[PDB]
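Read the numbers this way: they start at 1 and go in the same order the structure lists the ligands and their atoms. Worth knowing before you read on, the calculation uses all heavy atoms, side chains too, and leaves out hydrogens, waters and symmetry mates. Chain naming here is simple, since letters A, B, ... match the order of the sequence lines and numbering starts at 1 in each.
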Amino acid sequence: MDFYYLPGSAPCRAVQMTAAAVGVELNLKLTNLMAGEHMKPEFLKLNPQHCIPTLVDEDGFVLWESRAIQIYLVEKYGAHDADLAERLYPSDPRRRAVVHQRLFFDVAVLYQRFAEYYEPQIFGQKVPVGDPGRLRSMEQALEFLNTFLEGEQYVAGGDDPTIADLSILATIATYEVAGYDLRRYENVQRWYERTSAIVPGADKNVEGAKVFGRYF
Amino acid sequence: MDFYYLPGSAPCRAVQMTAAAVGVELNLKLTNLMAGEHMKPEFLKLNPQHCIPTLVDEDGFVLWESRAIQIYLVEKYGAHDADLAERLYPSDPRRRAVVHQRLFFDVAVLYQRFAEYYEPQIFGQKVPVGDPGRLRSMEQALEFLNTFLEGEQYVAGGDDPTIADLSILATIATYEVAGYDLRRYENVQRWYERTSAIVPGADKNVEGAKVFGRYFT
Ligand SMILES: CCCCCCSC[C@H](NC(=O)CC[C@H]([NH3+])C(=O)O)C(=O)NCC(=O)O
Ligand SMILES: CCCCCCSC[C@H](NC(=O)CC[C@H]([NH3+])C(=O)O)C(=O)NCC(=O)O
């Protein structure tokens with residue numbers, strides 16, 4: 001399976017942790033966005049949305065959006081270990097609803113506001129001073145996550161990390177390298193330390209996050 | 001089942017269409033966001049993210065994010081009709097991945113870029129002259145959708161509308177009612193017309209969108 005990725009990219013790292021958890025190797029294909037490699041006719045034919053991560057399965061199926069890829073990996077390549085797939089992606093509709101909820105929270109709120117705050121600080125204008133509105137917004141997202149983790153081990157509940165934890169771990173590892181003091185959010189910091197110690201490929205998440213950290 | 005919502009809200013309308021498809025009757029609870037009804041202590045207890053739509057099910061289980069609600073409606077409350085659930089939310093991992101991919105596209109790209117430009121105008125934060133980047137962003141998003149719909153009846157493929165169609169139907173209705181010219185996107189217009197003609201609860205999508213349209217008089 002061809003995996004078009006960048007080590008520094010959070011959504012790429014979330015798929016990497018998921019693939020390691022289900023036990024499938026990825027054919028790593030580094031796609032330099034700065035050299036416009038995502039804009040070459042070869043990549044565009046595969047992915048008109050020209051974004052990473054992009055997964056190309058051996059049957060020719062092309063898939064993007066990291067969280068769609070996460071679910072796909074569990075559903076297709078996790079069947080060999082029912083209990084594992086169940087831990088990562090519980091089949092009970094109510095339990096799965098919270099997992100889905102947190103996945104959408106990650107893309108639309110937690111990672112989104114992170115990007116809306118730090119991308120102006122490292123690209124284009126490169127302003128070191130962060131907009132007070134964008135900071136308030138991003139902190140509100142951390143406030144939300146902290147509340148979700150109140151009296152809970154993991155982001156969508158349960159006794160084991162789910163793919164929602166893997167997605168948000170990639171995201172929050174990026175928060176850490178960006179210089180944000182996560183210790184302000186005691187539940188988040190506790191969860192971040194817990195999850196990093198136990199999930200497969202977590203060391204490769206910290207490793208890739210540091211590559212993103214070169215921008216600051 | 002309690003449904004905290006506003007008719008003008010696209011994500012709310014996507015849930016309404018999904019519930020109509022699986023025969024779920026929602027107890028509609030108008031949540032006036034301008035009056036701060038979503039910031040009231042009782043609502044915050046249910047939903048600390050203080051956002052609509054919010055579903056409270058028969059056991060008091062609380063769920064928000066429209067697309068997670070959509071899935072929950074099909075998986076749990078659509079399971080009485082195996083064939084219908086399969087049309088709305090196919091179980092094949094590849095087909096389901098495209099549905100998921102399109103749902104994420106809607107939240108993170110299509111609706112996201114819409115809201116960034118148009119939603120300020122609801123709150124009164126409308127700037128008469130703005131950044132060209134915000135306009136290019138919506139154009140680009142609509143180009144992607146039009147490309148996905150090339151040679152295809154529906155947004156995630158297949159012979160029937162999925163929850164991805166209902167999500168994007170609610171979003172595109174909002175584009176149209178806000179005044180966006182969709183004519184350069186022939187596949188989008190064609191898909192919108194044909195999908196709106198056949199999906200249950202489509203009337204309330206149009207009606208609800210019109211309520212949103214009253215902000216752009
Ligand atoms: C050091 C690493 C720097 C990269 C960090 C940004 S991730 C790159 C970006 N990808 C995305 O934002 C995809 C997000 C998508 N929601 C997902 O989760 O997969 C991209 O391909 N953007 C280019 C494009 O969309 O055209
Ligand atoms: C009458 C039409 C007025 C326009 C309403 C826009 S939707 C309102 C908004 N909700 C959302 O954007 C939720 C989006 C979420 N991604 C979903 O799909 O459910 C909200 O509750 N915002 C309040 C908040 O989050 O605090």
Side-chain angles (χ1 to χ4, degrees), chain A residues 4-15 31-34 36-39 43-44 47 49-55 63-70 101 103-109 111-112 114-115 118-119 122-123 140 144 167 170-171 174 177 208-215, chain B residues 4-15 30-34 36-39 43-44 47-55 63-70 101 103-109 111-112 114-115 118-119 121-123 140 144 167 170-171 174 177 208-209 211-215:
Chain A
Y4 295 84
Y5 93 116
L6 275 181
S9 164
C12 287
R13 280 184 273 106
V15 175
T31 306
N32 193 3
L33 304 167
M34 294 307 102
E37 283 170 15
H38 65 299
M39 289 308 292
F43 193 77
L44 282 170
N47 183 358
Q49 211 173 322
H50 53 75
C51 58
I52 55 163
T54 292
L55 184 77
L63 186 64
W64 55 93
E65 169 59 51
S66 59
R67 296 156 193 90
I69 299 170
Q70 286 185 277
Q101 173 178 41
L103 285 173
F104 283 101
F105 170 82
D106 191 31
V107 73
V109 184
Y111 185 80
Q112 184 63 54
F114 170 88
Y118 286 105
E119 301 286 347
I122 55 164
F123 285 101
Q140 181 175 65
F144 289 150
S167 181
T171 298
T174 325
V177 298
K210 290 177 186 178
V211 183
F212 187 92
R214 322 291 188 198
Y215 284 100
Chain B
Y4 296 87
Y5 93 119
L6 283 172
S9 167
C12 291
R13 281 181 271 112
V15 175
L30 289 173
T31 305
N32 191 353
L33 302 177
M34 296 308 297
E37 278 167 10
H38 67 302
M39 298 300 293
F43 191 88
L44 284 175
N47 182 1
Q49 208 171 322
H50 50 78
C51 55
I52 56 174
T54 296
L55 181 75
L63 187 64
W64 56 93
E65 167 61 51
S66 60
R67 292 156 195 90
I69 301 175
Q70 284 186 276
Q101 167 179 31
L103 289 169
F104 277 101
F105 171 79
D106 197 34
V107 80
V109 184
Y111 188 79
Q112 200 280 334
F114 173 90
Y118 286 102
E119 280 194 10
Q121 308 193 25
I122 284 181
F123 290 92
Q140 188 188 57
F144 294 145
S167 181
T171 294
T174 320
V177 83
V211 177
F212 186 97
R214 285 194 285 179
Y215 297 112

Give yes if a backbone or side-chain nitrogen or oxygen of A:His50 is under 3.5 Å from a nitrogen or oxygen of ligand 1, and no if not.
-> yes
Relative to ligand 1, is A:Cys51 under 4.0 angstrom through side chain, backbone, both or neither, heavy atoms considered?
-> both
So, for B:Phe114 and B:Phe212, is the gap between ring centers shorter than 6.0 Å?
-> yes
Quick one: does A:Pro53 get within less than 4.0 Å of ligand 1, heavy atoms only?
-> yes
Could you see which bit of A:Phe104 sits under 4.0 Å from ligand 2, with heavy atoms only: side chain, backbone, both or neither?
-> neither
Mark whether atom 25 (O) of ligand 1 lies under 4.0 angstrom from at least one protein heavy atom.
-> yes
Residue pair B:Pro48 / B:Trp64, side-chain heavy-atom distance below 4.5 Å = yes
List the closest protein heavy-atom neighbour of atom 14 (C) of ligand 1: residue, atom name, distance to the nearest 0.1 Å.
-> A:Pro11 CG, 4.2 Å
Hey, what do you get for CG (B:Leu103) to OG (B:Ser66), rounding to the nearest 0.5 Å?
-> 8.5 Å
Flag, side chain of A:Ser9 to backbone of A:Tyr5, donor-acceptor distance under 3.5 Å | no
B:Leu103, B:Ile69, B:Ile52: member with heavy atom nearest to atom 13 (C) of ligand 2 = B:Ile52
Between B:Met34 and B:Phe123, is any pair of side-chain heavy atoms under 4.5 Å apart?
-> yes
Which protein non-hydrogen atom lies closest to atom 2 (C) of ligand 2, naming both residue and atom, and how far is it?
-> B:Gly8 C, 3.6 Å
Of the protein's non-hydrogen atoms, which lies at the shortest distance from atom 4 (C) of ligand 2, and what is that distance?
-> B:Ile122 CD1, 4.0 Å
Under 4.0 Å, heavy atoms only, figure out whether ligand 2 is touched by the backbone of B:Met39, its side chain, both or neither.
-> neither
Considering only heavy atoms, does A:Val107 approach ligand 1 within less than 4.0 Å through its side chain, its backbone, both, or neither?
-> side chain
State the atoms of ligand 1, each with its element, that fall below the 4.0 Å cut-off from a heavy-atom position in A:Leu33.
-> 8 (C), 21 (O)
Min side-chain heavy-atom separation A:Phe43-A:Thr54 under 4.5 Å = yes
What are the atoms of ligand 1, with element, lying closer than 4.0 Å to any heavy atom of A:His38?
-> 26 (O)
For the residue pair A:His50 and B:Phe144, is the inter-centroid distance of their aromatic rings smaller than 6.0 Å?
-> yes
Taking both backbone and side-chain atoms of A:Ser9, is any N or O found less than 3.5 Å from an N or O belonging to ligand 1?
-> no
Mind checking the CD1-NE2 spacing from B:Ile52 to B:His38? Nearest 0.5 Å is all I need.
-> 8.0 Å
Does an N or O from A:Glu65, backbone or side chain, lie closer than 3.5 Å to an N or O of ligand 1?
-> yes
Within less than 4.0 angstrom of ligand 1, does A:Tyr215 place any heavy atom?
-> yes
Side chain to side chain, A:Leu55 and A:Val15, heavy atoms closer than 4.5 Å = no
Tell me which part of A:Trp64 gets within contact of ligand 1: side chain, backbone, both or neither, using heavy atoms under 4.0 Å.
-> neither
Within a strict 4.5 Å, meaning less than it, do heavy atoms of the B:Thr174 and B:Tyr118 side chains meet?
-> no
Would a 4.5 Å heavy-atom cut-off, applied to side chains only, mark B:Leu30 and B:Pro7 as touching?
-> yes
Report yes if A:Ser66 has an N/O atom closer than 3.5 Å to an N/O atom of ligand 1; otherwise report no.
-> yes
Provide, to 0.1 Å, the distance between atom 6 (C) of ligand 2 and the closest protein heavy atom, together with that atom's residue and name.
-> B:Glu119 OE2, 3.5 Å
Side chains of B:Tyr215 and B:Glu119: closer than 4.5 Å at any heavy-atom pair?
-> no
Any idea which protein heavy atom is nearest atom 1 (C) of ligand 2, and the distance to it?
-> B:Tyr215 OH, 3.4 Å
